[PDB]
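Structure first, commentary second.
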Amino acid sequence: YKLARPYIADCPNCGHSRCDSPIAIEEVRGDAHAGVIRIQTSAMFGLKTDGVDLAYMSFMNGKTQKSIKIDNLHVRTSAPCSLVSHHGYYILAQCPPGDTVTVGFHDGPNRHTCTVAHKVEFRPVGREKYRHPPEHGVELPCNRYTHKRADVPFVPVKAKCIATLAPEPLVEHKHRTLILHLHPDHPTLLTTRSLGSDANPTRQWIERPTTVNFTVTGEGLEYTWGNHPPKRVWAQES
Amino acid sequence: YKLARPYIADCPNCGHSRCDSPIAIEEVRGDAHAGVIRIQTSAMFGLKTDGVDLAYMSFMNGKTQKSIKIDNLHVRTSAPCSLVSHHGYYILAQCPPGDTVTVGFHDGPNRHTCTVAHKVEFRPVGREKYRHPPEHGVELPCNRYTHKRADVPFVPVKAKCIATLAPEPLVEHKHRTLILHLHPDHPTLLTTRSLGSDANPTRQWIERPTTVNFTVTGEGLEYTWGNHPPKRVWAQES
Amino acid sequence: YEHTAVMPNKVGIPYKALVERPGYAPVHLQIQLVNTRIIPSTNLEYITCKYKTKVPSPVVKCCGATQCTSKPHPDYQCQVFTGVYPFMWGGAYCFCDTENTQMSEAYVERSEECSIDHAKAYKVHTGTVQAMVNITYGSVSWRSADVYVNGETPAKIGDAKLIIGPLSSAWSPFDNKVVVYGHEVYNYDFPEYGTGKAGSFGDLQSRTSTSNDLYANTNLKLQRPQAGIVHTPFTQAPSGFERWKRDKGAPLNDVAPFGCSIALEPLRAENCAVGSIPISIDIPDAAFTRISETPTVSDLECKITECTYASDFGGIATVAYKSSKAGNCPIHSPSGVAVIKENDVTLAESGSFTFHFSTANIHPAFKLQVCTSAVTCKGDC
């Protein structure tokens, strides 16, 4: 879980300040469409010399074995990044890329920055990829990790991550025709099929205010409009 | 005049997970095509306890008009930055790109630093917007703002920013016909109309050695090469 | 009384049908397909997913050869490179300049996230189809009854004895080979288990990928170690699963050709929505009064009080009539582009019943039948 004590690892690019540094990433795991990254550092977070804590870390510096509170030692990808949970050799944090993770002290010895290029995994959901959770409505499948403080790695777990939306589709039901006035701010996959007594296998990519007319039998249609899961009507308005 | 009191405000990223900063940027105006920035901060710059100064600012942090020197609280990109003028609640400064401004105290282990990613905005001022200042060309009117205060917000103004220039439309005279071999080194908008009886209503964006031939009636034509307002030639072999 | 009606494969709109036999007491009949699940047997062929390359540390023998052979565990590939590093040069300063040998090994595994962020290659064998057919008999509006569509057994449920003559997805919109990504489902055909593919789906294969016991093709191609450094260089063709993510159709769930909400993993087609569904409904004679009321409905007229252009249920109309005896009438539209909202009509001696209807027509024109008399309505709107 948080067994044994931290160690150093070779930083691929560091200053002349250090190189044999702490906080030198081994792996990062993604597939998140949230802004979180699961990080495996040489240094152990969630463990100080006192054993298990929730907001303290420990590190072998290659010069000293010491622990601190997370403050002076900040993770960044340009700007600071705030961790969420610690599981020993693994960190789970909010810090969106994870592709490169740069951990540096701008308080602790010299001006240290280690930047690490290391393993990542990321995947489309099957509509559009995103890594921003706003507060805009509907969510889509994503990956996240557990917040284990006890049983080393935080296991992968499915989760729901908010996706960017855009001005909602003006649906107009009409006679045998349902026109979908769409107004994306962001590329949306419009996948449709009619419902009721018809069904259309129709993918189209949309972006910018457009109209897309579809047949309907008087029995609606489903339209999935990217960054949303199915939005469907079965109206007799159709 | 300025009289809007200093305040503290939450800035997304400071320290590690620190966010309880003063001096935090709320809004930015980047109307300039130069690398100067107009900043709206919670903290009031250009006012100490003595009232209006040119090299002091004030902030709260447990205070209400407590002041320090503009070098103690130092602006930075990833190197120091010196402000130029204070207009109370608004700062105006030179910071190398004017697209990243970080106002920070790098005093002690608690390191509050707010950063807002500032912007440079280019908008029509000729018949086209234009690029950031370079070695090439000469200064032209640009969108901007005042770079000294009134003794609270800085006001918009047209000032002068270096335009990227490159060879202007190299006119080649022929029998009442002008082919314009134009050789940009940068994205220039070529607008034309004839100033003869005819007209040549043509906006086109050009980059690099190209030709654009125009008709004339032997009575001139205009070519605007964007970043300038209309340039006109009249009945040469035009 | 058996009444066989045809319901649009539609969810949410109850489809009105008549148990009609005037001179008894016709029974209110509304059938709503709440859900249809085509559930086929899914035989998992293999997991395939985004690999993570694992490079073991290279076995270097200074002053001796290093031997390795190909191994079938994932796409483990090694290569023996001889005379790799001279003396006073190379990543190791080996005394022997020609007997220095590096074996460069690497292989692919599944990603840690593969378990939930992995795809599943499925063979599809014959299923069962359940259909949730809500058949109402008697003046209510709901019952909801499970019934086998696929040839198994007739629904001997008390809500009405239902035989569902083949649904408009009595088989799922599935091929024999279906990819489930466990997010979105695609009908996508791939090679049978036993051989992977590099630069297309099935880059890792294994009945269940564990990280080993896989058969893969990722086209791992060892390169000779660059001189002056110890390194284990390799090239590879595109990750074939990832290539499939970059070269797959529209999410079949969202474009299904039968209007089915195709759902993952145990593949099944939920809530199909194309065509119309034969429904055989046993409404017993017991849900009519046996010639003790006589619905003989005569002098019936339809006046539409209001109707709205092609609407959900914007139709308001009234049927005035004379009946010999009081009763209960199913008021229906045998269409699927029109249903009557009501499905009861209060027969009385000089009875008048205002019913709400739906049509999808420009001017809502629906045929209503009560017990004995039927009309088609048009009127004030």
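Please note that chains go A, B, ... in the order of the structure tokens, that every chain numbers its residues from 1, and that ligands are numbered from 1 in the order shown.
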Assign secondary structure with DSSP using the backbone only, and return the residues of range 83-143 of chain A in strand (DSSP E) as number ranges by chain.
A: 83-94, 100-105, 112-117, 139-143
Produce a file of the selected residues containing N, CA and C atoms, as a short mmCIF file (atom, residue, chain, number, x, y, z; two decimals), in the first residue's frame.
data_model
loop_
_atom_site.label_atom_id
_atom_site.label_comp_id
_atom_site.auth_asym_id
_atom_site.auth_seq_id
_atom_site.Cartn_x
_atom_site.Cartn_y
_atom_site.Cartn_z
N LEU A 83 -2.83 17.78 -5.81
CA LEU A 83 -3.09 16.37 -5.65
C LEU A 83 -4.46 16.15 -5.04
N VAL A 84 -5.00 14.90 -5.16
CA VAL A 84 -6.30 14.60 -4.61
C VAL A 84 -6.15 13.48 -3.61
N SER A 85 -5.35 12.45 -3.93
CA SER A 85 -5.21 11.33 -3.04
C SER A 85 -3.86 10.76 -3.24
N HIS A 86 -3.35 10.13 -2.18
CA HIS A 86 -2.05 9.54 -2.14
C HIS A 86 -2.13 8.07 -1.82
N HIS A 87 -1.37 7.22 -2.56
CA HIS A 87 -1.32 5.79 -2.31
C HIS A 87 0.11 5.31 -2.36
N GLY A 88 1.00 5.89 -1.52
CA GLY A 88 2.38 5.49 -1.44
C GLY A 88 3.14 5.95 -2.64
N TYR A 89 3.72 5.00 -3.42
CA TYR A 89 4.49 5.30 -4.61
C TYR A 89 3.68 5.94 -5.71
N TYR A 90 2.34 6.00 -5.54
CA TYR A 90 1.45 6.55 -6.51
C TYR A 90 0.78 7.74 -5.90
N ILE A 91 0.56 8.75 -6.76
CA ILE A 91 -0.13 9.98 -6.55
C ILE A 91 -1.29 9.88 -7.49
N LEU A 92 -2.39 10.57 -7.15
CA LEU A 92 -3.52 10.75 -8.01
C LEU A 92 -3.76 12.19 -7.76
N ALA A 93 -3.89 12.94 -8.86
CA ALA A 93 -3.87 14.36 -8.80
C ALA A 93 -4.73 14.86 -9.89
N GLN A 94 -5.06 16.16 -9.79
CA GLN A 94 -5.73 16.90 -10.82
C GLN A 94 -4.58 17.72 -11.33
N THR A 100 3.64 14.94 -19.78
CA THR A 100 4.84 15.44 -19.18
C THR A 100 4.34 15.87 -17.84
N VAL A 101 5.13 15.58 -16.79
CA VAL A 101 4.82 15.99 -15.44
C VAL A 101 6.09 16.62 -14.97
N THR A 102 6.02 17.85 -14.41
CA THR A 102 7.21 18.57 -14.02
C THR A 102 6.95 18.84 -12.58
N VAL A 103 7.83 18.30 -11.72
CA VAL A 103 7.68 18.47 -10.30
C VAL A 103 8.88 19.28 -9.92
N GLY A 104 8.67 20.39 -9.19
CA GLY A 104 9.73 21.31 -8.89
C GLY A 104 9.42 22.02 -7.63
N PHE A 105 10.50 22.48 -6.97
CA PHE A 105 10.44 23.20 -5.73
C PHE A 105 10.86 24.58 -6.14
N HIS A 112 14.75 24.06 -8.38
CA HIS A 112 14.75 22.72 -8.85
C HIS A 112 13.51 22.57 -9.66
N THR A 113 13.67 21.88 -10.79
CA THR A 113 12.57 21.41 -11.57
C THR A 113 13.19 20.19 -12.16
N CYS A 114 12.47 19.07 -12.01
CA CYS A 114 12.68 17.88 -12.77
C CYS A 114 11.49 17.92 -13.68
N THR A 115 11.66 17.53 -14.96
CA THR A 115 10.53 17.36 -15.83
C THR A 115 10.76 15.98 -16.34
N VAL A 116 9.65 15.22 -16.44
CA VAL A 116 9.67 13.84 -16.81
C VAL A 116 8.80 13.64 -18.01
N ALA A 117 9.30 12.82 -18.97
CA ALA A 117 8.58 12.34 -20.12
C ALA A 117 8.49 10.87 -19.83
N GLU A 139 -22.74 14.02 -19.05
CA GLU A 139 -21.45 13.41 -18.94
C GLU A 139 -21.39 12.23 -19.88
N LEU A 140 -20.16 11.73 -20.15
CA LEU A 140 -19.90 10.61 -21.02
C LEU A 140 -18.91 9.72 -20.29
N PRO A 141 -18.78 8.42 -20.62
CA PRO A 141 -17.77 7.52 -20.09
C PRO A 141 -16.36 8.05 -20.04
N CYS A 142 -15.62 7.70 -18.96
CA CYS A 142 -14.26 8.12 -18.77
C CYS A 142 -13.64 7.18 -17.78
N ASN A 143 -12.33 7.36 -17.55
CA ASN A 143 -11.59 6.62 -16.56
C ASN A 143 -11.18 7.59 -15.48
#
Least-squares fit on all C-alpha atoms, paired in order: put chain B onto chain A and return it as a JSON list (two decimals) with C-alpha atoms, in the first residue's frame.
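Final output, saved to result05.json:
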[["chain", "number", "residue", "atom", "x", "y", "z"],
["B", 1, "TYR", "CA", -2.80, -0.50, 0.41],
["B", 2, "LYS", "CA", 0.52, 1.04, -0.56],
["B", 3, "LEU", "CA", 3.86, -0.40, 0.41],
["B", 4, "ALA", "CA", 6.10, 0.09, -2.63],
["B", 5, "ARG", "CA", 9.12, 1.91, -1.21],
["B", 6, "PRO", "CA", 10.42, 5.37, -2.29],
["B", 7, "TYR", "CA", 13.31, 5.40, -4.78],
["B", 8, "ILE", "CA", 15.32, 7.91, -6.82],
["B", 9, "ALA", "CA", 15.27, 7.99, -10.58],
["B", 10, "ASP", "CA", 16.89, 9.86, -13.45],
["B", 11, "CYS", "CA", 14.73, 12.61, -14.91],
["B", 12, "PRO", "CA", 15.76, 14.07, -18.34],
["B", 13, "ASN", "CA", 16.03, 17.72, -17.27],
["B", 14, "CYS", "CA", 16.67, 19.30, -13.89],
["B", 15, "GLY", "CA", 18.87, 22.34, -12.96],
["B", 16, "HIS", "CA", 21.07, 22.97, -15.98],
["B", 17, "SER", "CA", 22.60, 19.58, -16.70],
["B", 18, "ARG", "CA", 21.39, 18.07, -13.40],
["B", 19, "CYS", "CA", 19.43, 14.83, -13.81],
["B", 20, "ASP", "CA", 20.36, 12.98, -10.59],
["B", 21, "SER", "CA", 16.98, 13.67, -8.96],
["B", 22, "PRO", "CA", 14.60, 11.68, -6.82],
["B", 23, "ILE", "CA", 10.82, 12.38, -7.02],
["B", 24, "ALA", "CA", 10.96, 11.66, -10.74],
["B", 25, "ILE", "CA", 7.87, 10.72, -12.68],
["B", 26, "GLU", "CA", 8.07, 7.38, -14.52],
["B", 27, "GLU", "CA", 4.55, 6.96, -15.89],
["B", 28, "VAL", "CA", 1.39, 8.98, -16.03],
["B", 29, "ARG", "CA", -2.26, 8.13, -16.46],
["B", 30, "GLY", "CA", -4.36, 10.87, -17.92],
["B", 31, "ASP", "CA", -7.58, 8.85, -18.29],
["B", 32, "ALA", "CA", -9.46, 11.83, -16.80],
["B", 33, "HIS", "CA", -11.07, 14.37, -19.10],
["B", 34, "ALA", "CA", -10.50, 16.81, -16.22],
["B", 35, "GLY", "CA", -7.24, 18.58, -15.34],
["B", 36, "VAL", "CA", -6.35, 16.08, -12.61],
["B", 37, "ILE", "CA", -3.33, 13.84, -13.00],
["B", 38, "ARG", "CA", -2.44, 10.38, -11.83],
["B", 39, "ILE", "CA", 1.30, 10.23, -11.44],
["B", 40, "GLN", "CA", 3.68, 7.30, -10.93],
["B", 41, "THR", "CA", 6.80, 8.55, -9.11],
["B", 42, "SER", "CA", 9.98, 6.77, -8.04],
["B", 43, "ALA", "CA", 9.49, 8.44, -4.66],
["B", 44, "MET", "CA", 6.58, 7.18, -2.58],
["B", 45, "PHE", "CA", 3.99, 9.72, -1.60],
["B", 46, "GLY", "CA", 1.54, 9.16, 1.23],
["B", 47, "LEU", "CA", 3.98, 7.40, 3.41],
["B", 48, "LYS", "CA", 6.38, 8.81, 5.89],
["B", 49, "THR", "CA", 8.33, 7.00, 8.62],
["B", 50, "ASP", "CA", 5.05, 6.85, 10.61],
["B", 51, "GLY", "CA", 3.45, 4.90, 7.76],
["B", 52, "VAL", "CA", 0.32, 6.22, 6.08],
["B", 53, "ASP", "CA", -0.45, 9.95, 6.22],
["B", 54, "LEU", "CA", -2.51, 12.31, 4.05],
["B", 55, "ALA", "CA", -0.05, 15.19, 3.73],
["B", 56, "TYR", "CA", 3.41, 13.68, 3.78],
["B", 57, "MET", "CA", 5.55, 11.94, 1.24],
["B", 58, "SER", "CA", 8.84, 10.09, 1.37],
["B", 59, "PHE", "CA", 11.79, 9.91, -0.91],
["B", 60, "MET", "CA", 15.32, 8.72, -1.06],
["B", 61, "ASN", "CA", 18.17, 11.02, -2.02],
["B", 62, "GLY", "CA", 20.57, 9.24, 0.34],
["B", 63, "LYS", "CA", 17.67, 7.93, 2.45],
["B", 64, "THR", "CA", 15.09, 5.14, 2.24],
["B", 65, "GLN", "CA", 11.94, 6.39, 3.97],
["B", 66, "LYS", "CA", 12.89, 9.99, 4.89],
["B", 67, "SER", "CA", 9.88, 12.21, 4.62],
["B", 68, "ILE", "CA", 8.95, 15.80, 4.16],
["B", 69, "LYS", "CA", 5.73, 17.78, 3.89],
["B", 70, "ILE", "CA", 3.91, 17.97, 0.54],
["B", 71, "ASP", "CA", 4.60, 21.75, 0.61],
["B", 72, "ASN", "CA", 8.39, 21.39, 1.02],
["B", 73, "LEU", "CA", 8.50, 19.26, -2.07],
["B", 74, "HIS", "CA", 5.96, 21.14, -4.05],
["B", 75, "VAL", "CA", 4.39, 20.26, -7.34],
["B", 76, "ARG", "CA", 4.15, 22.98, -9.96],
["B", 77, "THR", "CA", 3.24, 23.84, -13.54],
["B", 78, "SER", "CA", 4.83, 27.30, -13.54],
["B", 79, "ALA", "CA", 3.14, 28.12, -10.22],
["B", 80, "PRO", "CA", 2.64, 25.79, -7.16],
["B", 81, "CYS", "CA", 0.36, 22.73, -7.29],
["B", 82, "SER", "CA", -1.22, 20.90, -4.38],
["B", 83, "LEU", "CA", -1.70, 17.15, -4.53],
["B", 84, "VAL", "CA", -5.00, 15.68, -3.37],
["B", 85, "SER", "CA", -4.30, 12.05, -2.62],
["B", 86, "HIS", "CA", -1.41, 9.72, -2.28],
["B", 87, "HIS", "CA", -1.53, 6.03, -3.18],
["B", 88, "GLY", "CA", 2.04, 5.19, -2.30],
["B", 89, "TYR", "CA", 4.32, 5.02, -5.31],
["B", 90, "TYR", "CA", 1.62, 6.99, -7.14],
["B", 91, "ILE", "CA", 0.60, 10.60, -6.55],
["B", 92, "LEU", "CA", -2.65, 12.11, -7.65],
["B", 93, "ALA", "CA", -2.85, 15.83, -7.79],
["B", 94, "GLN", "CA", -4.54, 18.90, -9.09],
["B", 95, "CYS", "CA", -2.11, 21.00, -11.07],
["B", 96, "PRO", "CA", -3.80, 23.64, -13.33],
["B", 97, "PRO", "CA", -3.89, 22.01, -16.83],
["B", 98, "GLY", "CA", -2.93, 18.44, -15.82],
["B", 99, "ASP", "CA", -0.84, 18.40, -18.99],
["B", 100, "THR", "CA", 2.42, 19.63, -17.46],
["B", 101, "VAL", "CA", 3.44, 18.37, -14.06],
["B", 102, "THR", "CA", 6.73, 19.33, -12.51],
["B", 103, "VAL", "CA", 7.57, 17.89, -9.08],
["B", 104, "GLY", "CA", 10.48, 19.85, -7.70],
["B", 105, "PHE", "CA", 12.48, 21.09, -4.78],
["B", 106, "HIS", "CA", 13.34, 24.75, -5.31],
["B", 107, "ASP", "CA", 15.56, 24.62, -2.29],
["B", 108, "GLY", "CA", 19.12, 25.94, -2.70],
["B", 109, "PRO", "CA", 21.37, 26.32, -5.75],
["B", 110, "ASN", "CA", 21.14, 22.64, -6.68],
["B", 111, "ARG", "CA", 17.60, 22.67, -7.92],
["B", 112, "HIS", "CA", 16.33, 19.29, -8.86],
["B", 113, "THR", "CA", 13.00, 19.39, -10.48],
["B", 114, "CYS", "CA", 11.63, 16.65, -12.67],
["B", 115, "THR", "CA", 8.98, 17.47, -15.20],
["B", 116, "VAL", "CA", 6.94, 15.02, -17.22],
["B", 117, "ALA", "CA", 4.46, 16.37, -19.73],
["B", 118, "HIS", "CA", 1.21, 14.79, -18.58],
["B", 119, "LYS", "CA", -1.82, 14.35, -20.76],
["B", 120, "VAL", "CA", -5.57, 14.47, -20.76],
["B", 121, "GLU", "CA", -7.16, 11.56, -22.59],
["B", 122, "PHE", "CA", -10.67, 11.73, -23.97],
["B", 123, "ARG", "CA", -12.27, 8.49, -25.07],
["B", 124, "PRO", "CA", -15.88, 7.40, -25.77],
["B", 125, "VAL", "CA", -18.14, 7.18, -22.75],
["B", 126, "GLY", "CA", -21.36, 8.19, -24.51],
["B", 127, "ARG", "CA", -20.93, 7.43, -28.17],
["B", 128, "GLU", "CA", -18.14, 10.00, -28.42],
["B", 129, "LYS", "CA", -15.26, 11.34, -26.39],
["B", 130, "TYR", "CA", -15.39, 14.89, -25.13],
["B", 131, "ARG", "CA", -13.40, 18.02, -24.52],
["B", 132, "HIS", "CA", -11.93, 19.41, -21.28],
["B", 133, "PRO", "CA", -14.26, 21.01, -18.64],
["B", 134, "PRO", "CA", -15.54, 24.52, -19.49],
["B", 135, "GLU", "CA", -18.19, 27.00, -18.24],
["B", 136, "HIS", "CA", -20.65, 25.62, -20.81],
["B", 137, "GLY", "CA", -22.88, 22.61, -20.27],
["B", 138, "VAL", "CA", -23.20, 20.30, -17.30],
["B", 139, "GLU", "CA", -21.14, 17.34, -16.07],
["B", 140, "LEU", "CA", -21.53, 13.95, -17.71],
["B", 141, "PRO", "CA", -19.68, 10.62, -17.16],
["B", 142, "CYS", "CA", -16.04, 10.69, -18.38],
["B", 143, "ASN", "CA", -13.10, 8.31, -18.34],
["B", 144, "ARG", "CA", -11.16, 8.93, -15.14],
["B", 145, "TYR", "CA", -9.51, 7.18, -12.20],
["B", 146, "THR", "CA", -9.96, 7.05, -8.42],
["B", 147, "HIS", "CA", -8.92, 10.21, -6.59],
["B", 148, "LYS", "CA", -8.34, 8.56, -3.26],
["B", 149, "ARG", "CA", -6.15, 5.61, -2.37],
["B", 150, "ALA", "CA", -6.81, 2.32, -0.67],
["B", 151, "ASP", "CA", -5.34, 1.82, 2.79],
["B", 152, "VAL", "CA", -0.51, 0.64, -4.90],
["B", 153, "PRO", "CA", -1.67, 2.02, -8.35],
["B", 154, "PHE", "CA", -4.89, 4.04, -8.57],
["B", 155, "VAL", "CA", -7.58, 2.10, -10.45],
["B", 156, "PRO", "CA", -9.60, 3.36, -13.49],
["B", 157, "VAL", "CA", -13.14, 4.55, -12.82],
["B", 158, "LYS", "CA", -15.83, 6.56, -14.57],
["B", 159, "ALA", "CA", -16.24, 9.86, -12.73],
["B", 160, "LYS", "CA", -17.84, 13.13, -13.82],
["B", 161, "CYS", "CA", -16.19, 15.87, -15.82],
["B", 162, "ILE", "CA", -17.86, 19.00, -17.22],
["B", 163, "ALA", "CA", -18.75, 18.42, -20.86],
["B", 164, "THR", "CA", -18.69, 21.17, -23.44],
["B", 165, "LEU", "CA", -22.30, 21.46, -24.45],
["B", 166, "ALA", "CA", -23.92, 23.76, -26.89],
["B", 167, "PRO", "CA", -27.49, 23.50, -28.28],
["B", 168, "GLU", "CA", -28.54, 19.85, -28.65],
["B", 169, "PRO", "CA", -30.18, 18.73, -31.97],
["B", 170, "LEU", "CA", -32.97, 21.30, -32.40],
["B", 171, "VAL", "CA", -35.64, 19.10, -33.86],
["B", 172, "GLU", "CA", -38.07, 20.52, -36.34],
["B", 173, "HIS", "CA", -41.14, 18.45, -36.75],
["B", 174, "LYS", "CA", -42.75, 18.08, -40.11],
["B", 175, "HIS", "CA", -44.90, 15.34, -41.60],
["B", 176, "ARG", "CA", -43.26, 12.23, -40.20],
["B", 177, "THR", "CA", -39.86, 13.62, -41.11],
["B", 178, "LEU", "CA", -37.38, 15.28, -38.78],
["B", 179, "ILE", "CA", -34.79, 17.72, -39.91],
["B", 180, "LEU", "CA", -32.38, 18.27, -37.08],
["B", 181, "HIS", "CA", -30.88, 21.72, -37.05],
["B", 182, "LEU", "CA", -28.02, 21.18, -34.63],
["B", 183, "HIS", "CA", -25.86, 24.03, -33.39],
["B", 184, "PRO", "CA", -22.60, 22.83, -31.71],
["B", 185, "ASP", "CA", -20.04, 25.30, -30.37],
["B", 186, "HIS", "CA", -17.55, 22.46, -30.17],
["B", 187, "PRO", "CA", -16.79, 19.23, -32.12],
["B", 188, "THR", "CA", -19.77, 16.95, -31.46],
["B", 189, "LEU", "CA", -20.38, 13.58, -33.03],
["B", 190, "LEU", "CA", -23.91, 13.20, -34.37],
["B", 191, "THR", "CA", -24.96, 9.58, -34.56],
["B", 192, "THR", "CA", -28.44, 8.62, -35.70],
["B", 193, "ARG", "CA", -30.58, 5.65, -36.46],
["B", 194, "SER", "CA", -34.37, 5.66, -36.70],
["B", 195, "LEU", "CA", -36.36, 3.91, -34.00],
["B", 196, "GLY", "CA", -39.20, 3.57, -36.44],
["B", 197, "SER", "CA", -39.24, 0.75, -38.97],
["B", 198, "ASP", "CA", -36.53, 2.63, -40.87],
["B", 199, "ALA", "CA", -33.00, 3.32, -39.66],
["B", 200, "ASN", "CA", -30.71, 6.30, -40.25],
["B", 201, "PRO", "CA", -27.16, 4.79, -39.84],
["B", 202, "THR", "CA", -25.22, 8.06, -39.85],
["B", 203, "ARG", "CA", -22.14, 8.99, -37.91],
["B", 204, "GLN", "CA", -20.98, 12.46, -38.80],
["B", 205, "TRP", "CA", -18.84, 14.94, -36.91],
["B", 206, "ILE", "CA", -20.50, 18.35, -36.77],
["B", 207, "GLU", "CA", -19.45, 21.78, -35.59],
["B", 208, "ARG", "CA", -21.58, 24.94, -35.72],
["B", 209, "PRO", "CA", -25.16, 25.51, -37.06],
["B", 210, "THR", "CA", -25.87, 22.84, -39.68],
["B", 211, "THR", "CA", -28.84, 20.71, -40.70],
["B", 212, "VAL", "CA", -28.96, 16.97, -40.97],
["B", 213, "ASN", "CA", -32.32, 15.77, -42.26],
["B", 214, "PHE", "CA", -33.60, 12.32, -41.48],
["B", 215, "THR", "CA", -36.49, 10.21, -42.62],
["B", 216, "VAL", "CA", -38.85, 8.67, -40.15],
["B", 217, "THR", "CA", -41.84, 6.35, -40.52],
["B", 218, "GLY", "CA", -43.83, 8.09, -37.79],
["B", 219, "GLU", "CA", -42.29, 5.80, -35.23],
["B", 220, "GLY", "CA", -39.39, 7.77, -33.72],
["B", 221, "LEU", "CA", -35.71, 8.24, -34.20],
["B", 222, "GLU", "CA", -32.55, 8.37, -32.17],
["B", 223, "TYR", "CA", -30.00, 11.10, -32.33],
["B", 224, "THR", "CA", -26.99, 10.69, -30.10],
["B", 225, "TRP", "CA", -25.09, 13.90, -29.79],
["B", 226, "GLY", "CA", -21.76, 12.56, -28.68],
["B", 227, "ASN", "CA", -20.69, 12.87, -25.07],
["B", 228, "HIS", "CA", -24.13, 11.52, -24.19],
["B", 229, "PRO", "CA", -25.24, 7.93, -24.88],
["B", 230, "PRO", "CA", -28.40, 7.54, -27.11],
["B", 231, "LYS", "CA", -31.24, 10.05, -26.88],
["B", 232, "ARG", "CA", -34.51, 8.92, -28.39],
["B", 233, "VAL", "CA", -37.78, 10.49, -29.57],
["B", 234, "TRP", "CA", -40.70, 8.25, -30.47],
["B", 235, "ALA", "CA", -43.65, 8.93, -32.81],
["B", 236, "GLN", "CA", -44.32, 12.64, -32.26],
["B", 237, "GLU", "CA", -44.29, 13.92, -35.78],
["B", 238, "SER", "CA", -41.13, 11.84, -35.70]]
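Atom pair CA of residue 299 in chain C / CA of residue 287 in chain C has a distance of 25.4 Å (rounded to one decimal).
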Residue 20 in chain C surroundings by only C-alpha atoms, 8 Å radius, close-in-sequence under 3 positions cut, as a short mmCIF file (atom, residue, chain, number, x, y, z; two decimals) with N, CA, C and O atoms, in the first residue's frame:
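The result, stored in around10.cif:
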data_model
loop_
_atom_site.label_atom_id
_atom_site.label_comp_id
_atom_site.auth_asym_id
_atom_site.auth_seq_id
_atom_site.Cartn_x
_atom_site.Cartn_y
_atom_site.Cartn_z
N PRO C 26 -67.36 -4.23 -25.65
CA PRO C 26 -65.99 -4.09 -26.12
C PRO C 26 -64.98 -3.65 -25.09
O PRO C 26 -65.33 -2.94 -24.15
N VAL C 27 -63.75 -4.15 -25.19
CA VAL C 27 -62.79 -4.01 -24.15
C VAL C 27 -61.78 -3.04 -24.65
O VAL C 27 -61.34 -3.12 -25.79
N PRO C 330 -63.46 0.71 -26.71
CA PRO C 330 -62.08 1.03 -26.94
C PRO C 330 -62.16 2.04 -28.04
O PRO C 330 -62.87 1.80 -29.01
N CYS C 371 -67.18 0.98 -29.80
CA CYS C 371 -67.86 -0.29 -29.76
C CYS C 371 -68.46 -0.76 -31.04
O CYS C 371 -68.11 -1.83 -31.54
N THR C 372 -69.43 0.02 -31.57
CA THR C 372 -70.18 -0.37 -32.74
C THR C 372 -69.87 0.57 -33.86
O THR C 372 -69.67 0.11 -34.98
#
When you draw a straight line from CA of residue 93 in chain C to CA of residue 106 in chain C, how long is it in Å?
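It comes out at 23.6 Å.
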